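We begin with a single chain expressed as C-alpha coordinates, specifically the form solved without adenosine-5'-diphosphate.
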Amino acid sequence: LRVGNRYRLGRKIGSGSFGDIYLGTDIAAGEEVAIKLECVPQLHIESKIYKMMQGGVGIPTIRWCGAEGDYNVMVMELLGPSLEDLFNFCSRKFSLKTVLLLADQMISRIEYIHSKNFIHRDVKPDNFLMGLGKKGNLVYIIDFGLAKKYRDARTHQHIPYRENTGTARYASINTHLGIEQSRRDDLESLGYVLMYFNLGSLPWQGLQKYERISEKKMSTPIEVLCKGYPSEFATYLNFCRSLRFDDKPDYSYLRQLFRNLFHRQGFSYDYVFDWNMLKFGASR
(Lines give C-alpha, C1' and ligand atoms only; values in the text may rest on other atoms or scores of the structure.)
Protein backbone atom coordinates (compact mmCIF):
# COMPACT_ATOMS: atom_id res chain seq x y z
CA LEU A 1 0.00 0.00 0.00
CA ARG A 2 1.63 3.24 -1.21
CA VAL A 3 0.64 6.90 -1.08
CA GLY A 4 2.04 8.87 -4.03
CA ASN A 5 3.96 5.78 -5.22
CA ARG A 6 6.79 6.60 -2.82
CA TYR A 7 5.42 6.59 0.73
CA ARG A 8 4.32 3.31 2.33
CA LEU A 9 1.28 3.89 4.53
CA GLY A 10 1.12 2.79 8.20
CA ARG A 11 -0.85 2.97 11.44
CA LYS A 12 -2.94 5.91 12.56
CA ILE A 13 -0.85 8.00 14.94
CA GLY A 14 -2.98 11.06 15.61
CA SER A 15 -5.16 13.92 14.46
CA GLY A 16 -4.58 17.54 13.56
CA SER A 17 -7.40 20.02 13.36
CA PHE A 18 -9.48 18.24 10.71
CA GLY A 19 -7.86 15.23 9.12
CA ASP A 20 -6.27 12.03 10.29
CA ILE A 21 -2.55 11.43 10.58
CA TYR A 22 -0.80 8.17 9.77
CA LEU A 23 2.76 6.95 10.10
CA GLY A 24 4.56 6.35 6.82
CA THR A 25 7.89 5.53 5.21
CA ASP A 26 9.53 7.16 2.23
CA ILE A 27 10.93 3.86 0.94
CA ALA A 28 12.96 5.83 -1.60
CA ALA A 29 14.98 7.60 1.12
CA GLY A 30 14.50 5.78 3.50
CA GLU A 31 12.76 8.14 5.91
CA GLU A 32 9.90 8.02 8.43
CA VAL A 33 7.20 10.58 7.64
CA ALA A 34 3.79 11.75 8.82
CA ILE A 35 0.86 11.64 6.40
CA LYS A 36 -2.30 13.71 6.80
CA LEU A 37 -5.44 12.49 5.04
CA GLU A 38 -8.69 14.35 4.31
CA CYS A 39 -12.04 13.11 2.98
CA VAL A 40 -12.91 14.80 -0.34
CA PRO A 41 -12.22 20.96 2.54
CA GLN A 42 -9.18 22.46 4.25
CA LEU A 43 -6.00 20.44 3.72
CA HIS A 44 -4.88 22.21 0.55
CA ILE A 45 -5.11 25.67 2.19
CA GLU A 46 -3.07 24.49 5.19
CA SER A 47 -0.52 23.03 2.82
CA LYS A 48 -0.22 26.39 1.00
CA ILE A 49 0.46 27.95 4.42
CA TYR A 50 3.10 25.33 5.27
CA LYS A 51 4.77 25.99 1.92
CA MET A 52 4.84 29.69 2.67
CA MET A 53 6.52 28.89 6.00
CA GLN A 54 9.27 26.67 4.54
CA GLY A 55 12.86 27.69 5.28
CA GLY A 56 12.22 29.13 8.72
CA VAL A 57 13.85 27.58 11.77
CA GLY A 58 11.59 25.01 13.43
CA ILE A 59 9.15 24.72 10.54
CA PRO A 60 8.59 21.10 9.46
CA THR A 61 9.40 20.34 5.84
CA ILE A 62 6.67 19.25 3.44
CA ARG A 63 7.92 16.23 1.48
CA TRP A 64 4.89 15.92 -0.78
CA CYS A 65 1.46 17.44 -1.43
CA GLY A 66 -1.33 15.94 -3.52
CA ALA A 67 -4.46 13.81 -3.75
CA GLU A 68 -5.14 10.07 -4.08
CA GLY A 69 -8.32 7.98 -3.98
CA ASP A 70 -10.98 9.46 -1.74
CA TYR A 71 -8.33 11.52 0.04
CA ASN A 72 -6.37 14.72 -0.02
CA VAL A 73 -2.85 13.92 1.19
CA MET A 74 0.02 15.83 2.82
CA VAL A 75 3.42 14.24 3.58
CA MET A 76 5.63 15.87 6.20
CA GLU A 77 8.84 15.00 7.96
CA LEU A 78 7.96 13.12 11.13
CA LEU A 79 9.30 14.91 14.20
CA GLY A 80 9.59 13.95 17.85
CA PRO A 81 7.18 14.04 20.81
CA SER A 82 5.04 17.11 21.51
CA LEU A 83 5.68 19.36 24.51
CA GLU A 84 2.56 17.87 26.13
CA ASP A 85 3.92 14.33 25.71
CA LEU A 86 7.27 15.35 27.21
CA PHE A 87 5.43 17.20 29.97
CA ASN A 88 3.68 13.95 30.86
CA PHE A 89 6.96 12.02 30.82
CA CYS A 90 8.43 14.54 33.26
CA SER A 91 5.61 13.94 35.73
CA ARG A 92 3.83 17.11 34.60
CA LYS A 93 6.57 19.30 36.02
CA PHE A 94 9.21 21.28 34.14
CA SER A 95 12.11 23.01 35.88
CA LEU A 96 12.47 26.78 35.50
CA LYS A 97 15.51 26.37 33.23
CA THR A 98 13.55 24.12 30.87
CA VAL A 99 10.61 26.54 30.82
CA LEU A 100 12.87 29.47 29.92
CA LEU A 101 14.69 27.43 27.26
CA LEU A 102 11.32 26.56 25.76
CA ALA A 103 10.10 30.17 26.00
CA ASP A 104 13.03 31.53 24.02
CA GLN A 105 12.40 29.24 21.04
CA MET A 106 8.59 29.41 21.21
CA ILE A 107 8.59 33.22 21.14
CA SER A 108 10.92 32.95 18.14
CA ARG A 109 8.60 30.53 16.26
CA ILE A 110 5.59 32.73 16.84
CA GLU A 111 7.60 35.72 15.63
CA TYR A 112 8.57 33.93 12.42
CA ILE A 113 4.98 32.97 11.66
CA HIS A 114 4.03 36.61 12.22
CA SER A 115 6.84 37.71 9.91
CA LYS A 116 5.20 35.63 7.20
CA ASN A 117 1.82 37.47 7.52
CA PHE A 118 -0.03 34.77 9.48
CA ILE A 119 -1.35 34.24 12.98
CA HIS A 120 -1.41 30.63 14.20
CA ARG A 121 -4.45 30.96 16.48
CA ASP A 122 -3.95 27.62 18.25
CA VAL A 123 -0.90 27.92 20.48
CA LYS A 124 -0.85 24.91 22.81
CA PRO A 125 1.72 22.31 24.02
CA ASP A 126 0.51 19.73 21.46
CA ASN A 127 1.39 22.00 18.53
CA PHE A 128 5.05 22.18 19.51
CA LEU A 129 7.16 19.13 18.72
CA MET A 130 10.82 18.37 19.38
CA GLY A 131 13.13 17.51 16.50
CA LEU A 132 15.19 14.39 15.84
CA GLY A 133 18.91 13.62 15.67
CA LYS A 134 21.12 16.70 15.49
CA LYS A 135 17.94 18.76 15.71
CA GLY A 136 16.83 17.06 18.92
CA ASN A 137 17.09 20.34 20.82
CA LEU A 138 15.03 22.30 18.28
CA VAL A 139 11.42 23.24 19.02
CA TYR A 140 9.14 22.98 15.99
CA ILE A 141 5.71 24.53 15.58
CA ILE A 142 3.03 22.58 13.70
CA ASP A 143 -0.60 22.56 12.51
CA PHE A 144 -1.57 25.62 10.47
CA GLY A 145 -5.14 24.44 10.06
CA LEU A 146 -6.56 27.38 11.99
CA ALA A 147 -4.00 29.87 10.75
CA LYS A 148 -5.14 33.13 9.19
CA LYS A 149 -3.63 36.17 7.49
CA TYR A 150 -3.50 39.28 9.69
CA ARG A 151 -1.98 41.74 7.21
CA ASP A 152 -1.90 42.27 3.46
CA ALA A 153 1.04 40.65 1.65
CA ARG A 154 2.11 43.73 -0.33
CA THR A 155 1.02 46.77 1.71
CA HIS A 156 1.28 45.20 5.18
CA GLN A 157 -2.13 46.67 5.93
CA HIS A 158 -3.42 45.07 9.12
CA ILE A 159 -6.88 43.50 9.04
CA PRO A 160 -9.63 45.67 10.57
CA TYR A 161 -10.74 45.24 14.19
CA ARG A 162 -13.68 42.84 13.92
CA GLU A 163 -15.90 40.34 15.72
CA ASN A 164 -15.11 36.60 15.58
CA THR A 165 -11.31 29.03 16.94
CA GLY A 166 -9.01 26.67 18.85
CA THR A 167 -8.52 25.23 22.33
CA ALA A 168 -10.30 26.96 25.23
CA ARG A 169 -7.71 26.26 27.94
CA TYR A 170 -5.06 28.48 26.34
CA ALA A 171 -7.26 30.85 24.35
CA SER A 172 -6.63 34.56 24.86
CA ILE A 173 -9.32 36.54 26.65
CA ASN A 174 -10.03 38.55 23.47
CA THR A 175 -10.89 35.22 21.85
CA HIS A 176 -13.42 34.40 24.58
CA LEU A 177 -14.98 37.83 23.98
CA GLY A 178 -15.41 37.02 20.30
CA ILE A 179 -12.68 39.40 19.15
CA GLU A 180 -10.78 38.71 15.95
CA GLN A 181 -7.34 37.41 16.90
CA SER A 182 -4.04 39.13 16.12
CA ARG A 183 -0.34 38.82 17.06
CA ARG A 184 -0.93 39.71 20.71
CA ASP A 185 -3.28 36.74 21.07
CA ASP A 186 -0.70 34.19 19.96
CA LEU A 187 1.66 35.70 22.50
CA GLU A 188 -0.93 35.64 25.30
CA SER A 189 -1.75 31.99 24.61
CA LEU A 190 1.99 31.38 24.90
CA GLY A 191 1.92 33.02 28.32
CA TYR A 192 -0.79 30.63 29.46
CA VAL A 193 1.22 27.71 28.11
CA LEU A 194 4.30 28.76 30.10
CA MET A 195 2.36 29.24 33.34
CA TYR A 196 0.82 25.82 32.61
CA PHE A 197 4.34 24.38 32.44
CA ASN A 198 5.22 26.00 35.77
CA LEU A 199 2.08 25.00 37.64
CA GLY A 200 1.16 21.56 36.30
CA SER A 201 -2.33 22.89 35.60
CA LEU A 202 -4.24 26.13 35.03
CA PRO A 203 -6.94 27.37 37.46
CA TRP A 204 -9.65 27.24 34.76
CA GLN A 205 -9.19 23.50 34.16
CA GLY A 206 -11.76 20.98 35.35
CA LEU A 207 -14.71 23.28 35.97
CA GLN A 208 -21.26 26.28 28.17
CA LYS A 209 -18.12 25.11 29.93
CA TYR A 210 -16.37 27.67 27.74
CA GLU A 211 -18.38 30.32 29.56
CA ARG A 212 -17.09 29.05 32.90
CA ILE A 213 -13.55 28.92 31.50
CA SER A 214 -13.89 32.49 30.20
CA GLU A 215 -15.25 33.84 33.49
CA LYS A 216 -12.58 32.02 35.50
CA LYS A 217 -9.87 33.49 33.27
CA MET A 218 -11.41 36.96 33.60
CA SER A 219 -11.75 36.61 37.38
CA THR A 220 -8.19 35.40 37.93
CA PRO A 221 -5.72 38.29 38.37
CA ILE A 222 -2.32 37.72 36.74
CA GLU A 223 -0.60 38.36 40.07
CA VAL A 224 -2.67 35.57 41.62
CA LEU A 225 -2.03 33.26 38.66
CA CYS A 226 1.73 33.86 38.86
CA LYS A 227 2.15 33.82 42.66
CA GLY A 228 5.38 32.09 43.71
CA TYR A 229 7.13 32.48 40.36
CA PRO A 230 9.65 34.97 38.93
CA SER A 231 8.07 38.34 38.14
CA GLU A 232 9.03 37.91 34.48
CA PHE A 233 5.96 35.76 33.83
CA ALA A 234 3.49 38.33 35.17
CA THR A 235 5.35 41.03 33.25
CA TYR A 236 5.06 38.92 30.10
CA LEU A 237 1.32 38.31 30.46
CA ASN A 238 0.61 41.94 31.34
CA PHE A 239 2.59 43.09 28.31
CA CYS A 240 0.66 40.73 26.03
CA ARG A 241 -2.70 41.86 27.39
CA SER A 242 -1.67 45.51 27.02
CA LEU A 243 -0.91 45.29 23.30
CA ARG A 244 -3.28 47.06 20.93
CA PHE A 245 -5.06 45.02 18.26
CA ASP A 246 -2.70 46.02 15.45
CA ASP A 247 0.44 46.65 17.51
CA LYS A 248 3.69 45.03 16.47
CA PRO A 249 4.87 43.17 19.57
CA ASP A 250 8.39 43.73 20.87
CA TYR A 251 9.54 40.12 20.58
CA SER A 252 13.13 40.97 21.50
CA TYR A 253 12.04 42.60 24.76
CA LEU A 254 9.97 39.55 25.69
CA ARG A 255 12.88 37.22 24.95
CA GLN A 256 15.27 39.44 26.93
CA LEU A 257 13.01 39.26 30.00
CA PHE A 258 13.42 35.50 30.13
CA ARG A 259 17.09 35.55 29.09
CA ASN A 260 18.10 38.01 31.80
CA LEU A 261 16.14 35.91 34.27
CA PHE A 262 17.97 32.85 32.90
CA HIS A 263 21.41 34.34 33.52
CA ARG A 264 20.59 35.79 36.94
CA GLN A 265 19.69 32.24 38.00
CA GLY A 266 23.06 30.88 36.88
CA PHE A 267 21.73 28.40 34.32
CA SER A 268 23.92 27.64 31.32
CA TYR A 269 22.70 27.62 27.73
CA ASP A 270 23.43 24.04 26.91
CA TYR A 271 20.38 22.13 25.75
CA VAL A 272 19.69 19.87 28.66
CA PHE A 273 15.94 19.89 29.15
CA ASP A 274 14.43 17.93 32.02
CA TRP A 275 13.65 14.97 29.76
CA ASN A 276 17.36 14.50 29.06
CA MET A 277 17.68 13.73 32.78
CA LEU A 278 15.11 10.99 33.42
CA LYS A 279 16.31 7.96 35.40
CA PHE A 280 15.58 4.46 34.12
CA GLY A 281 15.76 0.95 35.55
CA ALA A 282 13.80 -2.24 36.22
CA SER A 283 10.01 -2.39 36.53
CA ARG A 284 9.02 -0.76 39.81
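In this text, residue numbers run from 1 along the sequence as written.
One more form of this protein, solved in complex with adenosine-5'-diphosphate, exists but is not displayed; see below.
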query: Partner-proximal stretch of 178-186, 99-107, 123-131, 86-94 relative to adenosine-5'-diphosphate in the bound PDB entry, 4.5 angstroms, heavy atom; finding: 123-131
query: is_contact(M74, adenosine-5'-diphosphate) in the bound PDB entry, heavy atom dist at most 4.5 Å; finding: yes
query: Non-hydrogen atom contact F18 with adenosine-5'-diphosphate in the bound PDB entry at 4.5 angstroms; finding: yes
query: 4.5 Å heavy atom contact, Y50 to adenosine-5'-diphosphate in the bound PDB entry; finding: yes
query: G266 within 4.5 Å of adenosine-5'-diphosphate in the bound PDB entry, heavy atoms; finding: no
query: Contact test, all of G4, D26 and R63, partner adenosine-5'-diphosphate in the bound PDB entry, heavy atom 4.5 Å; finding: no
query: Sole residue of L194, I119, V139, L78 within 4.5 Å of adenosine-5'-diphosphate in the bound PDB entry, by heavy atom; finding: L78
query: In the bound PDB entry, the residue from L254, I59, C240, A34 that sits within 4.5 Å of adenosine-5'-diphosphate by heavy atoms; finding: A34
